[PDB]
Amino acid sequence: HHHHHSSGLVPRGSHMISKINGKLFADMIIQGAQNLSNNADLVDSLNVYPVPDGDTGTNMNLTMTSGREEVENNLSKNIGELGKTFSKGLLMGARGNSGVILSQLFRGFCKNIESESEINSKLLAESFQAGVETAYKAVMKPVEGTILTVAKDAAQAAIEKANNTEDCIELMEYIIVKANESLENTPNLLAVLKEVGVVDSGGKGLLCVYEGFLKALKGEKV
């Protein structure tokens, strides 16, 4: 077997997050929104599906900004309450296919935590999963190779990793790795992406939000 551990010492270190309260979630939202805003022109230029109308980044940015502004004006330590504020802002500001889907992903995420004051890594993962289920149900004819695919693959990664990972920083790092793998695979699912030579614009915007989430978990700003 192993050495039977009985030391009274508690491990040292401070660069881990085991609980996410409403203010940390707000910081995630704010940095995710800022990172998306900084990448909006690129995300627009990648847009080819359904139509190459140059707007995915703008659409997602405006949607996320509506959520961010509600959050900044109504902060709370209670993550469930903060999520209600964020969800409302997204849902009253959603634009484009991408912004509608984004608002539905986060509607499901936030509903899953509505009665919590803080969440751990397992509940974070479960909430990404809940968001994916809400978004697929909201789209009448889901297509693979899109923001839905990337969100789905990210949530599957989250559930697998959280089962043995208490640290939300490590969890979010892994989610981003796997979301990026999914995003790079989108042209293998959706023909126009491969023909033009781009990844999915909605999925890229979602990865920008997730990368801001990670920055906030580390106590950093975009």
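The first residue of the shown sequence is 1; numbering continues from there.
The PDB entry records a higher mean C-alpha B factor for 37 to 45 than for its counterpart among 37 to 45 and 58 to 66. Of the two segments, 129 to 137 and 113 to 121, the one listed with the higher mean B-factor is 113 to 121 (C-alpha atoms only). You'll see in the entry that, of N188, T165, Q31, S182, the Cα B factor peaks at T165. Each of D153, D27, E195, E173 has a CA temperature factor in the record; the biggest one is found at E173.
When the CA B factors of the chain's modelled residues are split into thirds, the value for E72 lands in the highest one.
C208: CA B factor in the middle third of modelled residues in this chain (values from the PDB entry). Ranked by C-alpha B-factor against the other modelled residues of its chain, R107 falls in the lowest third. When the CA B factors of the chain's modelled residues are split into thirds, the value for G89 lands in the middle one. Sort the modelled residues of the chain by CA B factor and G145 lands in the lowest third.
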